[PDB]
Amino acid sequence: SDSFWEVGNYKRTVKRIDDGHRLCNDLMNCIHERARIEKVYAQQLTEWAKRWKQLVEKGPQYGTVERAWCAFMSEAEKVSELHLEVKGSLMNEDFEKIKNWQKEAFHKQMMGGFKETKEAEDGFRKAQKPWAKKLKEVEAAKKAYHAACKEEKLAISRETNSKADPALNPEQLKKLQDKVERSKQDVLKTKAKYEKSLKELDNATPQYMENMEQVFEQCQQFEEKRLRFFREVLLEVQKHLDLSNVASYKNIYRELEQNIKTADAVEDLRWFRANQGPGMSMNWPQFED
């Protein structure tokens, strides 16, 4: 069957160790690709802000409304910086934390594979070998007993089949009656040895189960570290992504609203009247020589 207790079925547990290292890679890559997306967003906002600050300044819009318009681009620059901090945190802290953890947990061998994996497999084998030897003996004794059971059944099926032949002197009967007695004993002998090997196996099961449990718990604890670590890192990632908790993010739009509200149509119009319209001084024609 597929039971863990069957010889060699500890392999799923050993394989989980290798999968642990592979999953650290996936998580690192997962965070890295997310960080890259944050950078692209930041970069495009920066270009957009730089582009339009230039287009507004070169253009015919001036006064307080120009300043209000420019506040819009300043918002993009601040949001951009914020998202670059997200990238920074994901890479310099979270990503690097997994990288260091993986480096300390998994040690690659010259011939390939991790020492941690080999240690578990060697552990299971050491615990399972004594029980596997006794199990080998039971199988052999089972064959010997089953064989003698048939050899003894084939003798009776010859003794009773001879009681039809009339030419049956007592020598031929004693021959067949002794073949049955000899086979009867060959069965009892093997039944005992086959029963003995089972008792020796049952007496080895407790130690076998204890030793396998011991190595299995080491594998569980090692896995426990990775799982709890994954839970830990993910909570730190959600911190770095969450901008709804940082005060500076709210300040961006509090300040943006303030600067936009400084837009004063009255003031802009006052200026145009005084410096471009009827408000300008004028030398009205006078008498001259």
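All residue numbers are counted from 1 along the displayed sequence.
Undergrad: Of the two stretches 277 to 285 and 11 to 19, which shows the higher Cα B-factor on average in the entry?
TA: On average, C-alpha B-factors are higher across 277 to 285.
Undergrad: Identify the stretch, either 105 to 113 or 172 to 180, whose C-alpha atoms have the larger mean B-factor according to the entry.
TA: Comparing averages over the C-alpha atoms only gives 172 to 180.
Undergrad: If I read the C-alpha B-factors straight from the PDB entry, which of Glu85, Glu217, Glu121, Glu151 is highest?
TA: Within the set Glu85, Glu217, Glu121, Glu151, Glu151 shows the top C-alpha B-factor.
Undergrad: Which one of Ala192, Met73, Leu90, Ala132 shows the top CA temperature factor in the record?
TA: Of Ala192, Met73, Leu90, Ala132, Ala192 has the highest C-alpha B-factor.
Undergrad: Quick check on the deposited entry: does the C-alpha B-factor of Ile98 sit in the lowest, middle or highest third of its chain?
TA: Middle third - that is where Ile98 ends up once the chain's C-alpha B-factors are sorted.
Undergrad: For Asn203, does the deposited CA B-factor place it in the lowest, middle or highest third of the chain?
TA: Its C-alpha B-factor belongs to the highest third of this chain's values.
Undergrad: Taking only the Cα B-factors deposited for this chain, tell me whether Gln61 sits in the lowest, middle or highest third.
TA: Answer is middle: the recorded C-alpha B-factor places it there.
Undergrad: Would you mind checking where the Cα B-factor of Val246 ranks among the modelled residues of its chain, as the lowest, middle or highest third?
TA: Highest third, going by the recorded CA B-factors of the chain.
Undergrad: What third of its chain's C-alpha B-factors does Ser80 belong to: lowest, middle or highest?
TA: For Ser80, the deposited C-alpha B-factor lands in the lowest third.
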